[PDB]
């Protein structure tokens, strides 16, 4: 059961949870990968990794993915959480130089991951290992798009470093634009495609119904995270959260800001339901009688289905993951799974 202030009856009633059959192996394989790549201290991996639920989150999202595709996605996603923690710790400890060098290495390793598979920086080497594997599933045109999108994410993280070290809370609208990048909306959208085994042509993925359904799936996930991660983020001096922008720039109380975020999250659901019809109608029209049309139609259908699965996977993740359980920590500003 979910607390009333975080509960979304439409998710519970109309977005039934799904789980990929590979999840039991995925859980352990990603945990062992975090161990062997030295991405988190060994004792923190053993105490906290399974409870963090990072593999559950991806196994509830990319249904139908080949096991090896899901494994690369889950390793990358676990890496992404660790990167979010390293970024936080670099800000808290004022390690501007360490962050700038990491930012530069990630840009280089994103373009040529093979060259960085054995880099002395374990966070860079782990990044490169997951990215090299992701680059092996589809043609190089998809790899270049993933790279374009993630270069932008890195720079959004750099903007967040600038904001936090200066004490800048972005305006609401500025935040909403930045949040499509710091949440990596377009990376999760790109990853739908190796999960269904088909690189979509630009004309298909840029169709207004596909693009809007993909956007709303990610807006829901990012803003629902804002809602559920607000307590940990206030405690940790994080400034990036729709609720914090609302409190800071529109004088809302905490109760008012929580209600406003929850309403925006609710609207993403019912807006998505409307555009999902259009996206599935588009899928049907792609089935033009040809083999290629059937392939594209099935790929779009699977991708839209996973856009929908993201809603339920993100919803339950936030109530299962130890990542958000600030009330249980000795120091609410320093989560126990973070290397301080």
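Residue numbers count along the first chain shown, from 1.
For the two regions 42 to 50 and 269 to 277, the entry's Cα B-factors average higher over 42 to 50.
When the two stretches 112 to 120 and 146 to 154 are set side by side, the higher mean Cα temperature factor goes to 112 to 120. When the C-alpha B-factors of 103, 162, 179, 86 are ranked from the entry, the top spot goes to 162. Across the residues 90, 255, 190, 75, the deposited record lists the maximum Cα B factor for 255. When the modelled residues of the chain are ordered by C-alpha B-factor, residue 29 sits in the middle third. When the modelled residues of the chain are ordered by C-alpha B-factor, residue 60 sits in the lowest third.
Per the deposited record, the Cα B-factor of residue 202 falls in the highest third when ranked against the other modelled residues of its chain.
In the PDB entry, residue 318 places in the lowest third of its chain by CA B-factor. Sorting the modelled residues of the chain by their CA temperature factor places residue 304 in the lowest third.
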